[PDB]
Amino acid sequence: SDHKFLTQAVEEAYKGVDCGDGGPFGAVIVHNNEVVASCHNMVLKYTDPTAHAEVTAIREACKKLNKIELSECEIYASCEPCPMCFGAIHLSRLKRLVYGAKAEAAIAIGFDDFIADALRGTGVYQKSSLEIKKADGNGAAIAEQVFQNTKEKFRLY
């Protein structure tokens, strides 16, 4: 099941960058195998620097479910969530995070060096409690290739 939803997140990333909504990032929020929200980065479309894929999905899922906690839901992120997004995942009380590519894969094509200490377990003040799964196998390889694929698609533009 993890492979299904992670690949849905990756496809959101491709769709969002293709239509110009934002960068190549996707996120899917799922409640007992039912998809609650399927989003990509909307920073450009919304003129909102907080509209990352994860934040957008959280906003949508909370509005759909009429509550500010998503404690029975899980989130699939095509890329490792940044500090803002990991903070939003913490605040939302999501029970599990599965992510596809390490942040280094995005930094490799020029994205900002902007990594969540609490995700990687390197903080003094901020600690995480939720279950975190870095994908492996086919899902991880597919997720990691998003960034070189996007850079190649826009190389001569």
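Start at 1 and count along the sequence shown; that's the residue number. Each form is matched to the other, and the largest set of C-alpha atoms that superpose within 1.5 Å is called the rigid core.
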Of the two stretches 131-139 and 145-153, CA positions deviate more in 7 other deposited structures of this protein after rigid core alignment for 145-153
As the entry reports it, the stretch among 64-72 and 51-59 with higher mean C-alpha B factor is 64-72
The stretch whose C-alpha atoms carry the larger average B-factor in the entry, 90-98 or 122-130, is 122-130
Chain-relative C-alpha B factor for residue 41 (record values, thirds): the lowest
Of the three thirds of the chain ranked by Cα temperature factor, residue 1 occupies the highest
Binned into thirds over the chain's modelled residues, the C-alpha B-factor of residue 109 lands in the highest
Residue 148: CA B-factor among chain residues, third -> highest
Sorting the chain's modelled residues by C-alpha B-factor and splitting them into thirds places residue 18 in the highest
